[PDB]
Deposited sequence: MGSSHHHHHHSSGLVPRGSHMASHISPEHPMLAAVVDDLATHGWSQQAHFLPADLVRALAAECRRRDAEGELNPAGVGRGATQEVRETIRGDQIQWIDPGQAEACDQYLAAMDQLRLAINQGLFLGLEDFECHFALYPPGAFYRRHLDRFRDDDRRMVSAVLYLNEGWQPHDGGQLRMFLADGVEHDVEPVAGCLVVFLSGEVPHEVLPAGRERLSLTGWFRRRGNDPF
C-alpha cells in the first residue's frame, strides 16, 4: 500500500527528542488503524520483522515511521538509514526487566519507538513502560491504544511492569548503517 495515515505533526516529536531525549504522543494514529494493528498483532501471535507488503495496517505504520525517520535526520542529523519493527504480545504476568536498548557496543539502534495497541486499559491493569530519565526522575507510560513513545536508545533505561491482562505493542528501532559491513 501507498496510503499515509493521519498523524500529529512530527516536528514536536523531534523537538522533544532534542530537548529531553524522549517524546510521548497520544492518538498518534487514527483509532481504526490502531485497531487493525492490534488485529495483526494477535494474528502474528497465533521474530517476525515487519516489511512493506505484508499487511495494509503495517504498510501505513511504516509510511508514518519513514516520515519520522526523515524528520529526525533533518532535525538531529542522525543519519538513520531504516526502521525495523515487530509486534509484541505479553501474556498476563510477563514483565521486562530494566535495560537499555542500545549498548555502548556500536549497536546501530539509535532511536526506539513503541506503539501501544490496547483498548480500554485501566491502571489496575499495570503493564506500564517505566522510563528512567535524567535527575533520577521516573515516568510511567500506560500502554493505551494509539500511544506512541519515542526515545534515544543509548540513553533511556526502561522496563515493563507486569500486567494483569494481555498487553499488545508494536516495538521498533531506527538504525544507522554502522561501521561493520
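Deposited sequence positions missing from the model - stretches, numbered from 1, in order: Seq positions lacking coordinates: 1-22, 69-93, 229.
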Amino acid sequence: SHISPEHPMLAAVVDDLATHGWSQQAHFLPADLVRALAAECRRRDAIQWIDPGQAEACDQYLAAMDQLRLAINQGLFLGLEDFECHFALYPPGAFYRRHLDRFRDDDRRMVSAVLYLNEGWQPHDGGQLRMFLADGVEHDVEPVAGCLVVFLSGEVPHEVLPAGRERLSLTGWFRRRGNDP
From here on, numbers count along this sequence of modelled residues.
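133-141 versus 150-158: which one carries the higher mean Cα B factor per the record? Taking the mean C-alpha B-factor of 150-158 and of 133-141, the larger value falls to 133-141.
Comparing average C-alpha B factors as deposited, tell me which of 107-115 and 91-99 sits higher. The stretch with the larger mean CA B-factor is 91-99.
Looking at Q60, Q122, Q67, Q128, which has the biggest Cα B factor in the entry? By C-alpha B-factor in the record, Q122 ranks first.
Relative to the other modelled residues of the same chain, rank the CA B-factor of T19 and answer lowest, middle or highest third. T19: CA B-factor falls in the highest third of its chain.
CA B-factor ranking of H2, expressed as a third of its chain: Highest third.
Among the modelled residues of its chain, does the C-alpha B-factor of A46 lie in the lowest, middle or highest third? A46: CA B-factor falls in the highest third of its chain.
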